[PDB]
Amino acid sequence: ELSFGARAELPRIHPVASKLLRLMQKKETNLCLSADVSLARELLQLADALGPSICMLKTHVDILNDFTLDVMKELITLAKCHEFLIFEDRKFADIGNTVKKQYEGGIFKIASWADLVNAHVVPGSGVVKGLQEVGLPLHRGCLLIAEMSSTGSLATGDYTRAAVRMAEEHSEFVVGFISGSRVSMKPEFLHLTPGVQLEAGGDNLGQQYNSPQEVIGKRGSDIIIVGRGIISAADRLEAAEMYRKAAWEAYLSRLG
């Protein structure tokens, strides 16, 4: 098993994955903050304070009450300053012709500011083809959703195998997965795992939590995605540091 720094140099590595892996090793962080807030001011204050602790900031631009492209300009300034990627968790899931417009256009112009986006594989490979016609020219990457954290997820068995095949057949654009575990044996592919908290539990709407030690150490994922475990805490900086240290040590102990 290679370090994040060595994976950043693999011959078939995508440039976005390389940039991410380099800054993960430099900063000793494999934490993605899920910045699940409705105010631009809160998003930017979290990005600035937690920037040093995270490899990535995951957005849901469509829950932000005061979205403007200028808010995203301020977020890019912080991402450059503190060295993290921006991941818009849009979960594209339409025919190729539709997702290309949803990615490039409308009010959000997601491709203009998002290093990474993600897509469901259920529509077939046209979803990836459509996205890549916008994303490849704009030097972007995509994650495919191979497994989900929620109760009753149908992303199991043959579905997960289809996501892995799709990623591997579109390696020019697809840089990894949303998954609960290592699903690809190819080290050029990132595994990002949501549904993470230090304590056992869930929410009232089908979310299920596992610990950083379980998902990084035992299940072999690369990055933890954490929302409420940080966002709902009083001291979001110390919460981020707890999750960072947990995920980083789990990674180190798997390397040996």
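C-alpha atoms forming the largest set that superposes within 1.5 Å between two forms make up the rigid core. Don't overthink the numbering: it's just position in the shown sequence, from 1.
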Higher-deviation segment by CA RMS in 5 other deposited structures of this protein, core fitted, 91-99 or 71-79: 91-99
Higher-B stretch (mean Cα B-factor, as the entry records it), 118-126 or 157-165: 157-165
Mean Cα B-factor comparison, 221-229 or 198-206, giving the higher one as deposited: 198-206
Residue of maximum C-alpha B factor among 144, 95, 136, 111, per deposited coordinates: 136
Third of chain Cα B-factors occupied by residue 58: lowest
Third assignment of residue 236 from its chain's C-alpha B-factors: highest
Residue 186 by Cα B-factor - lowest, middle or highest third of the modelled chain: highest
Residue 49 - which third its CA temperature factor falls in, relative to the rest of the chain: middle
Relative C-alpha B-factor of residue 83, binned into the chain's lowest, middle or highest third: middle
